[PDB]
Each structure stands twice: as structure tokens, then as C-alpha cells.
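Novice: Take this structure, written in C-alpha cells, and hold onto it; I'll ask about it next.
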Amino acid sequence: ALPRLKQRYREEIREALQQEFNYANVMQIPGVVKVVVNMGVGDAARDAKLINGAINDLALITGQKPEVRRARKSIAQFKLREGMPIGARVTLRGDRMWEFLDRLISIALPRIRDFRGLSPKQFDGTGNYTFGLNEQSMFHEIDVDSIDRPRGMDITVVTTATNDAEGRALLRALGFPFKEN
Amino acid sequence: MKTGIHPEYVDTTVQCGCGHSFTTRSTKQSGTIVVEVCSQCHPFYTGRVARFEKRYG
Amino acid sequence: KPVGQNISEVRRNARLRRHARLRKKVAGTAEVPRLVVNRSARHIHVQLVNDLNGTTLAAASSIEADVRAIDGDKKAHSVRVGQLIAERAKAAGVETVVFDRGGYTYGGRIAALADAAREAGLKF
Amino acid sequence: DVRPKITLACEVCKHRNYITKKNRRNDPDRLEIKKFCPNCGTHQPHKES
Amino acid sequence: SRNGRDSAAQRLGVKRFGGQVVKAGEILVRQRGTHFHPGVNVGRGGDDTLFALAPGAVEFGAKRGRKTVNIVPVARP
RNA sequence: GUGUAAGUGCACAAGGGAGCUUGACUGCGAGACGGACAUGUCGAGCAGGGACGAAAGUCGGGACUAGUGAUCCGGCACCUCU
RNA sequence: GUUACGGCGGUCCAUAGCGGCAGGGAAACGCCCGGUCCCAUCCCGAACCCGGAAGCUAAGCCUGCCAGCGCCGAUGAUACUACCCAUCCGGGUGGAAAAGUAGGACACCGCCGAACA
């Protein structure tokens, strides 16, 4: 079996992009590469338990155990020291990537309160989109009664595209609820 | 695939307000999953002078 | 025009770099030549190098039709290639060699062919 | 003090000795390491005294 | 005045120069870093000291941008 | 960036990470550097018994150069000495 | 012996690098397909490893051309300097820079193997 988003991209999105941009060789078609969800606690510098709550939230939402990022620089304004856990990170590739993308697009984004769309201006040169949530309640993989403190994210979708226009085209064809500019 | 480092998976029917049985794997153990809204039914996927005229005309 | 490097660049540069980093401790002589392996996704190749003179005493590969005729897996092809290099070294008079893994992990096909050279009469 | 010279004798009699130092607060418990013993010609572990 | 303190001279430098014949074990240079790198038949000590591993004549060469010291096995009479 | 001053080095890494481990060994040591002397420093290699490694091999503390005190006197452990 | 071929090495390791333009996939070199087996992720079959060849030269790779950026670089002269004259000033004999300029340069050599003879 194939995830429906991946099957859709294989069949119709590829031909749509090929018609739109007229790539010289078959393997210029821009595709998704990986998805990274970053949850930087920052406040975990005092109490470690915040990093554990972040670990559980990420593991529940993505489905795989997240990796704790160490602080690679000491700072005094944030009373940071090298080596304590600051934030988590998950790299999603392949089938798990596609499933997660389907879940997010079709369930999580519409569940956001007074959702008005995500700006299509967040790409950077190579068409790797990155937005950020403020809480984790949109996903039903978590329990509202279980959660106690909001924890936002930074979802970044790195693609094979070379330009911002191609990246936004691929994401819009995928079903991203962009705004209009 | 490491056996004991990740949670469970199960084919669950995802339900929306439109009335669609969505047979696909999920982690929720309800067997059938119900959501109120999704892409199929979401709306995104789917002057003072005037006030004077209303009041007095 | 792709924005960054291709994955082939990363792989090739990393392999050349980590082959060079192990060539520090491994160098071949006339009586103790360096047996360097080059492995692709489709084939495997070996040579016997005397590093002082920069020559090659013996060589073997899965390109050769005689070893291509075997129907075994990639591991079987590597095993037979190891046998070929072993008996060619025997015909070359070289008895002891030093195994140069060419920057690849000593496992799978390369380990199979190195073992194959070992029990075929090459002490290394 | 800190890092005092410590004495570790061979476990199997002969009271053969090596000396070294360690943090007595990083390693408060007695140190155990395996070392060559000349008379036995063998590698036995040595217990800090 | 705060100043007035200095350490002893360490007598570092090159001990045998190019063309000098040496015996095995003979110290070639006394250096702190690896200003000269070991070449053929030349080893490196704990304090980055170069010494001869075989008898012969000292030869200063450059290998891949680094100055190196090698020993040439002078021909037996 | 290299625990620590400075300098000489180190990107081939000597810098960052991971697995196993105790060579932070015993008997020695060709040949040397430096030196009034006393001090000090490097050292291939041999043997025993080990660690890591598929193997070649490397390991007689730490990238290197500071982190120390002669003789006398006395304490402790062992010795097929008296 | 030949080929726009693949590897292993070199050279007081850029005269070689970088950049631009134009090409190619015979065997090879790769990208590529998948995670069933050896094996792997401080999470991720991304990488490592394994199993295959549907597609592709878009990249890598290599081929030809550009001095463009970097790089190499004289001779002469000068700075400086050993010795000797010279009361100072300076001079004679010998050595001789750096910078700059003319220029060079889009690498060269070696050993195997592929395909062709």
C-alpha cells in the first residue's frame, strides 16, 4: 500500500509541475526531501521536566522518538550553559513523512483556532518552507486533558525545488492552505 | 526497525462531519476515529455613510 | 541549476577523504603490497599496489566475464573475485599483503571478499 | 585533601603495589583496576587500600 | 617592577644538518610543535623530537607543503 | 576550538562524537640531545603478560614546553640477604 | 596500438584551484528502486549496510574553449649588506632583495583495468 499523499504526488502533482515549468530532464521534478519539527523549550534551562514533556508531545504527534538538542554555546542573558537540553527535533522521511503531512494538512491545520491560512512568503531562495505553531492542541494524537502547558513548533519542509516559486507551486499543489498575495 | 522505541499503530476509521469512513492506520485505539472538521468540510477548502442611510435615509 | 551539492558529491568526497585518512597507516611494499578494494553498487575491484614504485602487481574485478558467469549474489561475486586475486598473487609470488579497505566499512561484500582472499592462502 | 596518593595492592597476595592518585570526592569508593603482577607473570586486579 | 621573571633557554633547533651522516637513534631536531615533520626513516618523540630510525645522511625535503626530514641510506663501500 | 599563560603546532586533524578498555605496564635498552658537576630530555628495538582492531598495527599517560625539592634521618609492604 | 572511459600513485602539491561557456553514458562511474537478509540512526534505510536495475546523464565524472578571479613569475635597477678605504660626508670590491614589470598558466608524468584493433 502507498500513502494517499505520496500516490497523489507520484501520479498527478508530478505531471502538473512538469507542465507548469517544462523541465528539460525527467529528474528536475521538485519533490519533498524531509520534514523537521523543532520544539525549542528554552525555559528548560531551569527544569529538565519541560524537555521531557516536549519529548512526549513530539513522540505522540510525529510517531517516532525525538532527539534532544544540546546547547552548543554558553550565554548569560539566557543563563545558558553548554550541554543542557534546550529543545527537541525529529527528522521525518519517506512513508512516515507522507503520513504526517497528510495528518497535518487534513486535520491539524483546520483545527487551528481562527485559522486564516499560512503566508506563502516564508520560503527562502530554495523553496524550503518553514512556519511555526504556538500550541499542540490541534493534533488529536495528544489529549487536551493530558496537556498542561502550550508548546509551539517550527515545521520546516525542505524540498528538491531550486526557486521559491517552484516550492510554493509544489506546496500549493500538495494542498497547503496558503493565503493570497 | 527497533521494536521497543516507538508506539503502536492500528488501522482506524477517521470520521468527519461529511460522513466518510477513512480506513487508514492511526495510533488512537478507539478503532474508529471521529473528528468534527477536516479538509472535506472546512470553509477554507470549500462605511459610516451607509449606516446613516440605514438610520435616516 | 541545483542550489547545493548532489548526494553523489557528499558520498564521493567523504569516501576519498576517509580512504586518505587510512592510507596514513597502510602502504604497500614489494614483498608486502597494499591490496586496495574499490566497491560500487554493481561491481567490486581489487589491485595489488607496491606504493614505493607506484605499480600494480595483480588485479581482479567482477568486470571479468569468467567471474561474471557465476549466478550468485553480490557477495558471491566478491568472494570469487577474492579467490581470483589470491591465486593471481600466488602466481605473482606475493605471500603477505595488507588489506586496504578503500574507505569503505569492513563488512558485507568487502568483508566476504577479504575473508575469501584469507582462506585462499593470503596471510593478512 | 584532594587527589591524595593512593595505594592499590594486588588481590592475590604478594602485596605487590602500584601507586597513583585520584579525586577522593569524584571516586569516594575504593578503586579497582587490573594490572600486571610481576611475580605471577599475570594480569590480576588491584584493590585500593 | 612586576617584570624580571623568565624561563631557562631550551636549546631547541636542528642538531644535524643536510648531508650529515647519523646513526640510528640520533636526535635530528629539537622542536616544540611539528615545524618539521618526520619523513622516511625518521620518527617523532613524545616532545615532538625527530630522530633517525636507520643510519644514513640527513635530507630536508618538502612533502605536500610541509617541511620534512628524511634519512638517505648511504651506499655501503 | 584545542582543560589551564604564551609561543610553536594541529582542518590529513593534535578539534567534535561513539564502542570496548586500563600500556597512568614489568625486565631492559643500541644510539643520542643538553650540559662545570649534580640534575634533565628523547629513543628504535628485544622479552613477558595484556587492551583495542578483521588485519596491518598502536599503546611504557595527557598536541608540546610549567604543576616542583638533592642528601641525611625515619615510616610502611615484600625478599631464597645478614 | 587507439577511446569525450574507470581506478591506484606522484610533483620543492594551484602553472594544477575556482568561475563561465559548449558536450557525452560502450563497458565503467554514478544518480536511482526497496528495506526481505548482514548491518545503522545520540531521532530519521538521510547517511552506513544489504538486496536489484525501471528511468536518467539533470548532477557527480571526465572532454574542448575562455586569463575572468586566484596562482606562478623573470632581467634590469634599487633597498640592504661582508670586507676595505675614508678625519665627517661618502667611496671601492663582492653578495643581493621584497614590491613591481615582461611573461607563464584553464596542469604534467607513471602503473593497472574497461571498450575497440
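So basically every Cβ, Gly included, is an ideal-geometry build from the backbone, and we count neighbours across all protein chains shown. Read the figures in this text as sums done on the coordinates, not as results from a lab.
Novice: For the range C:7-113, run through the chymotrypsin sites (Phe, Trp or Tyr not before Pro) and keep only the ones in DSSP coil with at most 14 other Cβ atoms within 10 Å of their Cβ. Don't skip to the end; give the middle numbers.
Specialist: On the way: sites: C:99, C:104, C:106; in loops: C:104, C:106.
Those that pass, being in a loop and sparsely packed, are C:106.
Novice: What's the long-distance tail for the range C:25-124, i.e. % of Cα pairs beyond 20 Å?
Specialist: Working: 1410 of 4950 pairs.
Above the 20 Å cut-off, the range C:25-124 has 28 percent of its Cα pairs.
Novice: Rg to Rh for chain B: what is it, with Cα atoms only and Rh by Kirkwood?
Specialist: Working: Rg = 23.3 Å, Rh = 15.0 Å.
In chain B, Rg relative to Rh is 1.55.
Novice: Further, regarding this structure: Counting each DSSP H run of 4 or more residues in chain C as -39500 (n - 2.57), what helix-only mean residue ellipticity at 222 nm follows after dividing by all residues, to the nearest 500 deg cm²/dmol? Present the calculation step by step, with values, prior to reporting the outcome.
Specialist: Working: 4 runs with 51 residues, N = 124.
Only helices count here, giving -13000 deg cm²/dmol.
Novice: Hey, another quick one. Pick out, in residue order, every one of the trypsin sites (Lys or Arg not before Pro) in the range E:21-77 that is DSSP loop and has at most 14 other C-beta atoms within 10 Å; say none if there are none.
Specialist: Details: sites: E:23, E:30, E:32, E:44, E:63, E:64, E:66, E:67; in loops: E:23, E:32, E:64.
Answer in residue order: E:23, E:32, E:64.
Novice: Take every Cα pair under 8 Å in chain A that's 6+ residues apart, average their separations, divide by the length, and report that relative contact order as a whole percent. The partial results should precede the final answer.
Specialist: Numbers: 283 pairs, mean separation 51.8, N = 181.
Result for chain A is 29 percent.
Novice: For chain A, what does -39500 (n - 2.57) per DSSP helix run (n ≥ 4), summed and divided by total residues, give at 222 nm, in deg cm²/dmol to the nearest 500? Write down the numbers at each step before the final one.
Specialist: Values: 5 runs with 48 residues, N = 181.
Rounded to the nearest 500, it is -7500 deg cm²/dmol.
Novice: Pick out, from C:13, C:56, C:3, the residue whose Cα sits farthest towards the positive end of the charge dipole of chain C, with +1 on the Cβ of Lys and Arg and -1 on the Cβ of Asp and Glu.
Specialist: C:3
Novice: Now a separate question. Charges on Cβ only, +1 for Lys and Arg, -1 for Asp and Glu, centred on the Cα centroid of chain C; of C:121, C:91, C:105, which one is farthest towards the dipole's positive end?
Specialist: Going by the charge dipole, the pick is C:105.
Novice: Applying the Karplus parametrisation 6.51 cos²θ - 1.76 cosθ + 1.60 with θ = phi - 60° to the phi angles of the range A:68-83, what ³J(HN,Hα) value in whole Hz is obtained for each residue in order, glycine and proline being reported as x?
Specialist: 7, 9, 7, 7, 8, 8, 8, 9, 9, 5, 9, 6, 7, 10, 4, x
Novice: When only DSSP loop residues count, what chymotrypsin sites (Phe, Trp or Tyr not before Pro) in the range E:11-77 have their Cβ near at most 11 other Cβ atoms within 10 Å? Write down the numbers at each step before the final one.
Specialist: Values: sites: E:17, E:36, E:51, E:60; in loops: E:17, E:36.
Counting only loop positions with at most 11 other Cβ atoms within 10 Å, the chymotrypsin sites (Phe, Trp or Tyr not before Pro) in the range E:11-77 are E:17.
Novice: Please check chain A for the longest run free of GluC sites (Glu not before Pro) that are loop-located per DSSP (anything but H, G, I, E, B) and have at most 13 other Cβ atoms within 10 Å.
Specialist: Working: sites that count: A:82, A:180.
Between the exposed loop sites, the longest stretch runs A:83-179.
Novice: Neighbour counts of other C-beta atoms within 10 Å: give me A:121, C:1 arranged from fewest to most. It would help to have the intermediate numbers written out before the result.
Specialist: Numbers: A:121 12, C:1 4.
Fewest to most other Cβ atoms nearby, the residues stand as C:1, A:121.
Novice: What size of dipole, in debye to the nearest 20, comes out for the range A:3-178 about its Cα centre when the only charges are +1 on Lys and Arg C-beta atoms and -1 on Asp and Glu C-beta atoms? Spell out each step's value before the answer.
Specialist: Working: 27 positive and 22 negative charges, 105 e Å.
The dipole magnitude comes to about 500 debye.
Novice: If all Cα-Cα distances of the range A:38-119 are sorted into 5 Å bins from 0 onward, what percent lands in each bin, rounded to whole numbers?
Specialist: Whole-percent P(r) values from 0 Å outward: 3, 14, 19, 17, 16, 14, 10, 6, 0.
Novice: Equivalent ellipsoid semi-axes for chain E, as square roots of 5 times the alpha carbon gyration tensor eigenvalues: give them largest first, rounded to whole Å. Numbers along the way, then the final one.
Specialist: Details: eigenvalues 172, 37, 20 Å².
The equivalent ellipsoid of chain E has semi-axes of 29, 14, 10 Å.
Novice: Distances longer than 29 Å among the Cα atoms of chain A: what percent of all pairs is that? Could the numbers behind the result be given before it?
Specialist: Working: 4555 of 16290 pairs.
Result: 28 percent of Cα pairs exceed 29 Å.
Novice: Mind checking the log10 I(q)/I(0) for the protein assembly as shown at q = 0.11 Å⁻¹? Debye, one equal scatterer per Cα, no solvent, two decimals.
Specialist: One equal scatterer on each Cα of the protein assembly as shown leads to -1.17.
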